[PDB]
Structures are given as C-alpha cells and as structure tokens.
Amino acid sequence: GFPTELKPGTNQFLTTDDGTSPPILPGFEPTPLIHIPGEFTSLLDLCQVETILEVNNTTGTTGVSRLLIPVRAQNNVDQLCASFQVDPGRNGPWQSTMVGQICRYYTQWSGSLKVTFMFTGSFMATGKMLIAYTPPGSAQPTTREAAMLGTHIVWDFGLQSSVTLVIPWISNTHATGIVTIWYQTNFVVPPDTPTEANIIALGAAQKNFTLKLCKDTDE
Amino acid sequence: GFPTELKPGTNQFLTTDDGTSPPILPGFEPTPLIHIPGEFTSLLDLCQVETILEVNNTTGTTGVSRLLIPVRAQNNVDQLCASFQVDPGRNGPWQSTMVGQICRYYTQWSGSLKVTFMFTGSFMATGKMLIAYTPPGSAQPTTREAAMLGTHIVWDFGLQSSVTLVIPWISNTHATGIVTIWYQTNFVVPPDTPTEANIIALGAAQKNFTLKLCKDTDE
Amino acid sequence: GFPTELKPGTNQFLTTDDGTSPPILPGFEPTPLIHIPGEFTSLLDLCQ
Amino acid sequence: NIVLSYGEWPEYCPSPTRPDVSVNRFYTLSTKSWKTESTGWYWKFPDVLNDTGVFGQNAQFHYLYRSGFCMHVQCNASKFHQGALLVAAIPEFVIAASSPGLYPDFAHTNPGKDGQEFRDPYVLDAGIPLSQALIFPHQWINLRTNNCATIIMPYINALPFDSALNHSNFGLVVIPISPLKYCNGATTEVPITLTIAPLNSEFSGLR
Amino acid sequence: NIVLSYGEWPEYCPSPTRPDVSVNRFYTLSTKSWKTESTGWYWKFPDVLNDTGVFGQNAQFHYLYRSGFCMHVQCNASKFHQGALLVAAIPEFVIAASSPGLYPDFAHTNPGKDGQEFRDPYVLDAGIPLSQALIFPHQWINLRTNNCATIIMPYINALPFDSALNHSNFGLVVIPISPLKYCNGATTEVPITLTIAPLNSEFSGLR
Amino acid sequence: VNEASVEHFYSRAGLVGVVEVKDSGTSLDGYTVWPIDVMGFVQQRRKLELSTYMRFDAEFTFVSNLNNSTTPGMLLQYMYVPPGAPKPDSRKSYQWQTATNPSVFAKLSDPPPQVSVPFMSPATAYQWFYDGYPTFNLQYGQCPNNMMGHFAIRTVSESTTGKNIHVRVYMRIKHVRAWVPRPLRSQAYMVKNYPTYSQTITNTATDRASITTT
Amino acid sequence: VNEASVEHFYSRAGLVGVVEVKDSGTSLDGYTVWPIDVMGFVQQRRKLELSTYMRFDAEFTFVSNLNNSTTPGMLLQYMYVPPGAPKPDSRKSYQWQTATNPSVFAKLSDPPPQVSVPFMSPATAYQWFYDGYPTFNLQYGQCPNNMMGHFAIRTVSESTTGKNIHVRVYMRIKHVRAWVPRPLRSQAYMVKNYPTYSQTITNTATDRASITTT
Amino acid sequence: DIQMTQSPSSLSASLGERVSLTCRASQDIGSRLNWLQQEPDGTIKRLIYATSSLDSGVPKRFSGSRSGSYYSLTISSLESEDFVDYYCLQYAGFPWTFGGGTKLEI
C-alpha cells in the first residue's frame, strides 16, 4: 500500500462525520466513572413519561389555570366540555408535553399515544362523562349521540377517578385525530359540596413510538 | 487501500502527540546501557520522601534558621508554639518540600500526607507537647483545651524523641487543614542544661498520593 | 484505512533515509552475479 | 405506593461516621395551611434539616456528607374538600430570579425548614415549565382518592461526598394544580404535613 | 542502621588491579571542631584520599578507577549537649560560586582531606535548597538519641571506569541544622570524626 | 430507535463560537483567547440543559480564513491553555512557549486542524445545574468544575500583519452519557450562566379562541 | 499514577530555540547554525536538572515561516552536523555537500519537517551535573559528552533573497530514563552552563508575619 | 534601615494611668521588635521580646502588643519606678536601627 492516489473528497471537512483525531493530552487519566443514579440513554424513554397538556390554552387564561378543564354543574347533558387534536408536534395543547417538545426536535414520527384523564372534584360528587376519539378522516362530531357511534369510553368518575384513552396510531409524514369530552350525565352533588371541579389530562407515547431525521427546533 | 481521501486534520503539527519520524542516522549503534544505580521512574516515589518544611518562615528570619521551631522554657502551659496549614502547593512552609514543589508542576492532587516531628534538645530535657490537627471545615482552635477535643497526639519528647502526624486526606480540586503545636506541659531541665531547644518538622506524602494534569510552574 | 490525515513530516526529503522508489526500468534483468574472489564486507577486517 | 426514585434505594458507599436510628428518626416539620390562593412550597434537600436536632449537629460540625431521604407528605383533608397536589422531588433544583434583581436572594435559595412559597409556580421558579415537572420523580395527591405521598430519594450527585451547608442536592416541591374548594362551613385551611427520615447517612471531616 | 545508598552494595565489575584489606582499611581523618557558629563541611568522594596512604599511591599512579565507600561519622558529644547534624552523600555534588567571581576556586572544588566549610549552607553552596537535601541518601545525627551515622555508597557514574584525580563522584556533606548549645562549664567544641573504607575498589592503566 | 438515543441526539458537530484574530487598524492584537464554552448558543444550550449530569469528550475543529474567504499561507498557532494554567497576554509572551500547553502549528491554507480534548473535570461528570454556593448573589449556581480550558490563537509573526483572521470553532460531543433528565426550558434566556427569566411569562402552548374549537 | 511517571513528565514537545536565517539588510548571511541545546529555557532546564543522569533520544520539528507569517515556496536545507563534524561557515561552503551530514530538503509551504535524532553520547547517559574537570576556572563542571550536534539551516539560493526566515525548533524527549533525583533549583540562574547564584539569597518559602498565624 | 520610631517623644501621666507608647515601623519587620528600658543613669534592661512575651523577671504591669505597623507597649497602671526612658528595637532590618525615646513624667 505504498503507492496511492487521492480519490476526490480530500481536504474536506464534513461536520456530521465520525472521524478520528489525536488526543491533545496523552497519558492523561480522567476522573473515573462512579455510578450516578438515573441514566437515560434514549429520548423515547423520556417521551413515554406522562406530562400535562395545556388543554385550556385560550386567549386570556393565564398561569397554571391553563392545565385545567372546567367541569361544572349547570352544564346540561349532551353539551361539549373540551376538545383537542391529537398532534404532538403542532402548536396546541400538546406543546407543553415532553412528547410535544421532543417531537419538535425531529422531522417525522409515528406511533400510539395515550391521554390519561384525572378528575379532581370532591369525593361525594358523582356523574358521568363521554370521551370520544375521531380518526383523522372525519371531523369533530357535532352531537353526543353522533360520537357514541365511534371509538369512545364512557367515564363514571364517581366510581373510577381516572381513565386512559389509548390513541391507536398517529403518523406524521405529510388530517389528525380529535378527542372530545361530552357531558354524558349531569354533575350531581349532595348538599354542602362545591359544584365546579376540574379534569386534568396527561399525554404520553406508547412503546411503539419512533423518531426520525433529527433537526433543530423553533423554540 | 489504494484510493484514499484526506480527512480533516492534515498537515497540522500537534505538539502533544506520539507520532513517528525517520531516524536521521540509521545503522548507528548508540552506547549500550550499563546498570547505573538509583533509577526513579515516578515522581510519586520522589514525593513520598520526607524533606524539611520552612515552618519558621517569618519576616526577618534568614538562613537555615527558617527550618526550626523554637521550643523554649519560659513558654507557659497552654500557650501556642507554632501552626502551619496543610497545603502542599500553596505559598507557605510546604514550599520547601519535595511535595510542595512537584505539586506546583501539576494542577490537581489528592491523598494523605504526614508530618514527622523531631526534637533536638538535650537528653536530660523533658516535657510534653500537644499536636492537634483541624479538618478544613473548622478554623484554628483558640485554646489548648479546645484542641484536645479533636484529632491530636500528645507528645512526651522526653520519652520518645520523634512522632508522626498522619493527615487523613487533603484534596485540591476547588479551606485546608491546620496543624497546631500546643505547650501541654512546661519545659523542665536539670541544672546545667540549655533552656531552649528546637523542633524540626518533615513533610511527605503517603502511598495514596496522586497527581493530574501536568503543567508548568511559577518558579 | 480509507480516511487518513497527514501527520507532520510530509513532503520532506531526508537524505539519510531508507525509503523506497519505483524502478525506472522494470523487467530489466541485470548482468548475473559471478563469484569474484576477495570480497570484504567490513572495514574492521581492513583495519586488522 | 412509595415512588422509589430512579429505582435505587439509598445505600452506604462501600469501604466515616455512619449514624443510626438516633438520627434516622422521623422529623415532623411544621404544618402549612393549604388555602385556595396558595401557590406552592419547596424545601431544599439537606438545608431543611441543617438546624433541626441531631442532624443539625452532624451536618454543621463536619466537612463531608451524603444521605438519601424518605420525604412523606400527608394532607389532613375532609371528604367534602376537593383539590390536587403535585409532590415532586427535583434533583439540582436551581432557583432563578425574575428581572423586569438578577440573582436570587439567599432566603429564596435556602429557605430553611419552613419552605419558600412559589412566586410563579407555572414556571417552577426555574424557567422550566410546570407541565413537564412530572418527568421528575413525583406522586399525585388527589383528595378524592388519597391524601398521602411518599418519595424515596437516593443520593444524587457527581462527587461521592460533598458539603452539607453549601450544596443542596434536591428540592421537594409541592404545588396545587387543581385549587382547593369547599362550601361554606368547612375548615378553610387544609393542613399539609411533611415527614423526613434520612436513610443510610454518612459523615466525615469532624469539626 | 547503615543507610545502604539506593539499595546497592558496591560490587566488582564482572570479568584490573583489585586491592585488598591493605587498602581496604579504615582511614580515620582528622577531627573537626563542631561549634555553635559552625556552618558545615563537605568532602569530595575520591579526592579526600588521593594523598592518604596506599590509596594515594593507587590513585595517582594509575589511569582508571572505581570504588564504593563506607563513610562513617561519629560525634563524641556529652549528654548535656544538644544539636543535630544532617549527614548526606550527594552524587555529582557540583559547587557553585556566588556573584555580587564566576567560577569556583580549585580549593573549594577539591578541598583535600580537610573539607571546605560551607559559605551558605542554606543553599548547599550549589543553588539547590538544603531543605530538600534529604532526597539524597542521608542519616540524622541527633545528640539526644545517637551520635553515629554510617552510609554505604556504591559507585555512581556513567562510564564503568573513570579518572580519580579529575572527576570526584560524590561529596559527603555534614551540616548542623539545629545548632549546638550548652550551659557554661562544658566542652565548647564537640569533635566530629569521619572514617572511610573503600569497598570493592579497582584500578587500571598503571603509571 | 437508534436515532432517538442520547448518543445520537448530541452528534453532528456544530459551531460553538466564532472568534477573530484582530490584527489590523485599531486592534493590533495579533492574538485572541477563546474560553471554551459549550452553552454559547441558545440552540445548543437548551439541548444540553435537558440533562443534569453529562460526561463527554470533545473534538475541536478550526475553520479559519481571512475576511474575504481567501486562505493564504499564513501560519497559525492554536494553543490549548489547560484548566488551571495562566493564559497568554500578548502576541509576544512567555506563555506561548510553555511545553505543558499543547500547540498545533497549521497554516491557513491547510485542512482545518482537528484535535480531541479529553474529559477534563474534577468531578465525575459535568454539572449544568449546580444548586448551591461554591467557595465554602453573584455566586449562586456557578460550578467551577465545568471549565474545559482556553484556546489561544495567534498568527506566528513578528510585526503587525494587517489581516484579520476569523476562526469558527466546531465541537463534536463523543461518548456522551447523560443523567437525570429535566424539563426543556420554556422561557427565554435573559442572561448567560443563570436561569434568570423575565416578568412577562410566555405560555408554553399557543392560545386559541375557545376550549372547544379546533 | 501513570501521569506522574518520568516518561510522561518530560513529554509534550516544547520549543527549545528560535533561530533565524537572516538574509536581508545588513545581515546577508543566508544561513544559520544552531548548536543543539536542551537547557536553553529556564523552564525546561529546572525540570531537566531534577535528575543527574538521563538517557533519551529526541525528535526535532522545524516550524519555519517568514516574518509576516506567510509561507512561500522557498526551499530550505536542514543539515545535521553530527557531534564531531566541522560546521559550515558560509552560504556557499563545501560542508553543505558532505554526505555524512544528513540533510532534509523541505520548503516553507510544507508540513514542518520532523526528524529523529538518536542517543548521541560517548558515555551511558547524559550528565547534567559533572563534578570534576575535563581534559586530564573556565572548565569546572563542563562535560563535553553532552553535545548532541548542530542544526545548520540555509535557503537553497544563489544570491541574496531578501527574506528573513524565523525557525522554531521543537524537541520531544522519547524513551527517557532518569537517575539519581536531585533537589529542584531554588535560586535564580545567574549564568548558563554554571550553577552560579547571586549573593542575595531568596528564601524558598514565603515569609509571613508570625509563626502562629495562618 | 527600617527606621522604627516611637511617636511620643515625651509623655506625662498619673500613678494610676495607663500609658500607651507606640513604635511605627516603615517596612515589614515582622514580630521581631523588642523594648529596652533604660534607667536614668544605669544600664538598659529588656521588657518585651518578639513584641508579645514578657521577660524572665519583668513584672505583670508591662505588656506588649502588635497592630499592623503600629507596634506598641502599654503599662497596666503606671506604678512607681516607671518615669524613665523607653526604646523600641527591631532586628529584622539588618542595620538594626532603633527609635527615639518615651521618657515619662508626672
């Protein structure tokens, strides 16, 4: 291998490369490695952790009160409570989720999400809610009896205080699902009990989430 | 391996490198190697050798008399005799120790030291001294009965003429220990005997000493 | 061994070197070696 | 339901003064009235004990220190009370100022054993957003299901041993997401209690 | 308590005139009065014997030489006397001048068998500091514990054989760190004695 | 997977600082010192401030040229002042010769010099968030065990040359291991070295008209 | 450990001499001879004077350029006059052709030439301290078995070129083995080749107010 | 020379007063300043050595002290046999200079 001719691409500096270089301090023995607890080796394991969605993001509502969905008493049946698209990586309620931020450090992604809801009312307060999910094809349903014929989960928060709505698939390559919360029943309370509670939604990504083509963000 | 492209870092000269070069005199047979006694292959083995500390470093005291701690007769009990910080590599009494100089050829170090004391008075002269060591957290103790509740060694130089005060740990990465010598008892002598002796301190580094990030000195 | 960076000492000509070079006449078969008497392979044998 | 932070019980660094159940007792700090206007509280990790009992003697009169904790928050709330807390332990919780003066006051970075009420809990007082605070070890306190939250925290730091009066490893934040509510004729201030128990503590460099 | 320099007894270079106990005797040089004002002394390694007995005939009437030594210092001191010596053997002890004339006089670089008193013992007369002289082979003479110091020195040089009247390998320094003291009515000059014994000597190049 | 890992998330060496060897006009320095700083640009800062403790060694490349993109034969010296060595103070200064400060002697008209700095830190890993005070207001949260060194760059000359040399330092993070993930910074960065934000809070999520509109 | 050893303590090749090929004005030499000297700078001297006998071979690099940092195509000859060969005396001199003096023919606009001088000494190892007189006042402590040679550098030219060439010789110590450690020099270095100090002694340790103050 | 000099050239106090005589050094002299008491016609005795410690026989009324560059001597209550001259001596500056005098009156 004594005679060589330089093929093209010489004297070039390609940033995204895994070349080698001489150590500027040979012999140096860096500080050894002790076991520090809590190492994360993948941003996927950070996405799969549930964080809050600013579902109440609205003009005027400031402070922590943007993370709360108001569920009150005099909201008649079949009325609409809240709705938010399933798009972790478009400006909306997902923009405050660990998934909604990491997905802005990449270009394409595809997987299954989940939206755990949590009721924060009195123990004596009972009722029922309808939580319906609409695939990307259709649009937001107009009535409660129009969303019951979908992929929903009726929620009796008096009995069970937290549910999960697993999104089947959400892929971003080139028109996104919608989740609506309908007042199934009324909001019934015994005497001497507050008549206005809150729902807290938490978003995440299931174990099938993937990311591709890392890129800078738009803050 | 005929076609190659020059990755970046070419035609550069990096001083701290272990490259190769052609011998400017091939065939030459240098003078063979005969066994010369006394080879040292590590500066640690040079640090671990005890040398004198200029503990008496004071404005005015000149000559060899800077290596001597005056222990006299009319120094009442519980009085203070001498004190010096444990900092091999800061301007002080350690600046005249083989450790105090090598540690100035490096950036960081950590290990255990030792300060062997030696009494140079008459054989008939008897007495007792208190030698207390204060961790970096606290400050110099104010009274003898305040240092007895520490990590000390009472020294009866009439019986045993030399002791050792092993420093547990002294690390320099970013507030250093202090060693004080207290007059436990008086300085008693029989008639026809000098009433002023000297203590000679010798510093070293235990077998756990380490050095890191070699650098030039400030003379 | 495709990517390489040129360490210092390049394009230099060091006289006292044992490098290699291309033969300017390949295929050429020089006159063979016949036994000539009296070869000396060391100046020490000349000094003695 | 004890959230073992990062799945690591606090352990003794293999082979320093290793105290025992005399110091490994249950320090029950003062209670804090949780009101509707309440924003939150936070306590530094070893600073909350540097002046409380034996742990205040082993910390100040030393030079090196390492220990886990067993933070345990409870809310003596009624059944007609509603609300929700977010109890999270934040490793290296660094407080930030808010310029319209550039550096946090010392009272806000080492509040003592009383905690400092948040001035802007939406941003955790540290720029980072509260919505993502759940990435830290945490446990919800939802008065309709349970009023207890126990967090087991190991020693999280770069060096094995470190100072106890200068470097405060983490900070236990307690933030009400859903504010407290109640009809007229109820205890207008739900009390919040915090219990601490150093686990596998060590010390070095006496006096 | 014989400090074997660098852990090597002097040995015969494997296979020159190899003398015997006729030359390997105990040369006892003159004593030197150690006073309070005393600064120190130093004797070169083979220069101290180049004019003493048989060794002065084997060294001058030759061309090559190598030998160890058995320097042995003793101080006939009383029990009411106090002081301390530092007896060190300095390989390649090179003396330096002191400019306010540039090169050391010949009397100071080859003092003979009488030694030259130090003019600045704090700097060992060679720039290097006395405080670090203990890195050389050495032994303390502390009058309160012992008054003897024996140093076994091998042949330390680059070439196997070397000249004996030009290149002096080492120099035995004797420096009082803690000066001598005594009450009135005592011997005001403690005597210091030095004994030399060439070990495994060799010679070559006669006349 | 394998593209969302922490080892790949910090790859693709980027510009960490544009230093300039001012040598003409009213700035006849001839040299310049650039303190090694990772959190120099907000984009890289916000990413590095996702974890608490991180351990990595870096490879530094210097894309230097004149102010009209021409690369003459001018010789340059890249001296790496280690963490704890005195920095130079002039074109002609003793520090430029100290053999403990490794130097790289390359020219403007040569492939950019590329060295590899090791993991230079007293502690086990770098600490971007250090709750506490060092030196047991202007000191809170300032860890001194994150300094990696200094890169002093000068044109090897005798008198003023009259040519400004712009250098673009490029750093690549290798062997990275991160610990204790943190929420990504939401507010702006009002000042460097501090987490200080501004009074007017900016909501993380954009505000729409009503809660029930998509 | 492994970073305090004697093999690493003398690594990191440093500048051992800045020679200049004066060729313009009133110094129309065209050549220059630099006697190989290790104890040229106090910093390196004090380190080398820690041991008595030392054995090592060296690698020499020549970072040459003009006085405005530009590196033209000018050809240069680096001739290594061995220890005991007559040195050149002019630009045009017979010595520049002797085949026993190895030469390196490189240009200014080329990677710095790098050769490797072997251990050139009659004795077993170099002797920084030689108590005794050679040639069995101006001769005490001058060992002649420490000379490593001479590096003569000239621009291969016919008439005066008119361009001064500054060369920076860099030496790296390899395979070093040291013997008989010595105390580190405390006083200044009043003159080269001698241990001569000055009358006004400088105390090794700094002087404080009282013995009992920290 | 360092030229350590005493400020009060002559002072007068009562038999129960507390005199404070100083000696202001110029250069750094360290804790190597002594006080020498001189009789009206007799020899000169010593009071303080190393600026702090009394001698082997000096009474308890005398005491030394140090304050920056203002080495001073203070008598407790000025008993009898005190209205004599005073000197301050330092042995740091090698010329070994002296001060002036503090002949006390009443």
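Residues numbered from 1 in each chain as written, not as in the entry; some residues may be left out. Chains lettered and ligands numbered in written order. Part of a larger assembly, values for the part shown. Heavy atoms only, no water. Residues with missing side-chain atoms left out of burial classes, pairs and counts.

Per the deposited record, cryo-EM is how this structure was determined, to a resolution of 3.26 Å.

The PDB entry lists chain H under the name VL, from Mus musculus. The title attached to this entry in the PDB is "Structure of CVA6 empty capsid complexed with 3H7 Fab".

If you check the PDB entry, chain F appears there as Genome polyprotein from Coxsackievirus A6.

A word on helix α1 (residues 53-60) of chain E. Side chains three or four residues apart in an α-helix point the same way, a direct result of the helix having 3.6 residues per turn. For α1 of chain E, the complete set of buried residues consists of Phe 55, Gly 56, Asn 58 and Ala 59 of chain E. Turning to α1 of chain E, the residues buried within the fold contact β2 (27-28), β5 (64-68) and β13 (199-204) of chain E. (Buried < 20%, exposed > 50% of the residue type's maximum accessible area, 1.4 Å probe, protein only. Helix = DSSP H or I, 4+ residues; strand = E, 2+ residues; numbered from the N terminus. Contact = heavy atoms within 4.5 Å.)

With that out of the way, let us pick up the interface of chain F and chain A. Where the parts come together, the accessible area they lose is often given as the size of the interface. Contacts between the two partners involve 55 residues from chain F and, on the opposite side, 60 residues from chain A. For the side of chain F that touches chain A, the elements supplying multiple residues, two or more each, are α1 (6-9), α2 (42-48), β3 (51-65), β6 (114-117) and β9 (165-181) of chain F. Ranked by residues supplied to the side of chain F that touches chain A, first place goes to β9 of chain F with seven residues. Residues belonging to the side of chain F that touches chain A are distributed by class as follows: 29 nonpolar, 15 polar and 11 charged. (Nonpolar A, V, L, I, M, F, W, Y, C, P; charged D, E, K, R; others polar.)

To continue, consider the sheet that holds strand β7 (residues 70-74) of chain H. Within a sheet, each strand pairs with its neighbour through backbone hydrogen bonds, oriented either parallel or antiparallel. Residues and elements named next belong to chain H. If you trace the three strands from one edge of the open sheet to the other, you get β2-β7-β6, paired in antiparallel fashion. Every interior strand has two partners, whereas the edge strands, β2 (20-24) and β6 (64-65), have only one. With five bridges connecting them, β2 and β7 associate as antiparallel partners. From the neighbouring strand, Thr 22 faces β7, where its bridge partner is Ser 72. (Pairing = 2+ DSSP bridges.)

By size, the foremost hydrophobic cluster in this structure holds 124 residues, and its most contacted members are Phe 117 of chain A, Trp 140 of chain D together with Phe 60 and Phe 151 of chain F. Among the elements that take part in this core, β9 of chain F stands out by supplying seven residues, more than any other. Those residues within four positions of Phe 60 of chain F in sequence are excluded, and the remaining contacts are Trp 34, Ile 36, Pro 113, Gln 114, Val 115, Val 117, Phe 151, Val 169, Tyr 170 and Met 171 of chain F. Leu 67, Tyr 106 and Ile 181 of chain B together with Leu 76 of chain G belong to the second largest nonpolar core, which has 123 residues in total. (Core = buried A, V, L, I, M, F, W, Y, C linked by side-chain atoms within 4.5 Å.)

Let us look at the pattern of salt bridges. Taken as a whole and assessed by the stated rule, the structure comprises 18 salt bridges over all chains. The salt bridge partner of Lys 114 of chain A is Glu 50 of chain A, with a shortest N-O separation of 2.9 Å. Here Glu 50 of chain A lies in the loop between α1 (43-47) and β2 (51-52) and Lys 114 of chain A lies in strand β6 (residues 113-119), a separation of 64 residues in the sequence. Measuring nitrogen to oxygen at the nearest pair gives 3.1 Å for the salt bridge that ties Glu 81 of chain H to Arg 61 of chain H. Taken together, the positions of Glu 81 of chain H in the loop between β7 and β8 (85-90) and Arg 61 of chain H in the loop between β5 (53-54) and β6 put the pair 20 residues apart, joining distant regions of the chain. Through salt bridges with shared partners, a single ionic network connects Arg 61, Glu 81 and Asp 82 of chain H. (Salt bridge = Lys/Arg side-chain N within 4 Å of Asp/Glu carboxyl O.)

Attention shifts here to the interface of chain E and chain G. Residue-level contacts link 39 residues of chain E with 31 residues of chain G. Those elements that provide at least two residues to the side of chain E that touches chain G are β7 (84-91), β8 (98-99) and α2 (106-109) of chain E. Across the side of chain E that touches chain G, the residue classes break down as 24 nonpolar, 10 polar and five charged. Sheet topology note: the β8 of chain E/strand β10 (residues 197-198) of chain G ladder contains two bridges and is parallel. Paired with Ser 99 of chain E across the two strands is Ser 198 of chain G, which belongs to β10 of chain G.

With respect to the helices and strands, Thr 52 of chain F occurs in strand β3. Classification of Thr 52 of chain F by relative accessible area gives buried; the value is 0%.

This brings us to the packing of aromatic side chains. The description of two aromatic rings rests on the distance between their centres and on the angle between their planes. Overall, the coordinates contain 62 aromatic pairs over all chains when judged by the stated rule. Ring centres of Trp 34 of chain F and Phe 60 of chain F lie 6.3 Å apart, and the angle between their planes is 65°; on these two criteria the pair is classed as edge-to-face. You can see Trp 34 of chain F sitting in strand β2 (residues 31-35) and its partner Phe 60 of chain F sitting in strand β3, a full 26 residues away along the chain. The burial state of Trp 34 of chain F is the same as that of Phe 60 of chain F; both residues are buried. Ring-pair connections join several aromatic residues into one group, and the members of that group are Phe 84, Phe 117, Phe 119, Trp 155, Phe 157 and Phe 187 of chain A. If you follow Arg 25 of chain E out to its NZ or CZ, it ends over the ring of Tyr 27 of chain E, 5.4 Å from the centre. (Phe/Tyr/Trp six-rings, centres within 6.5 Å; stacked < 30°, edge-to-face > 60°. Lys NZ or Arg CZ within 6 Å of the ring centre and 35° of its normal.)

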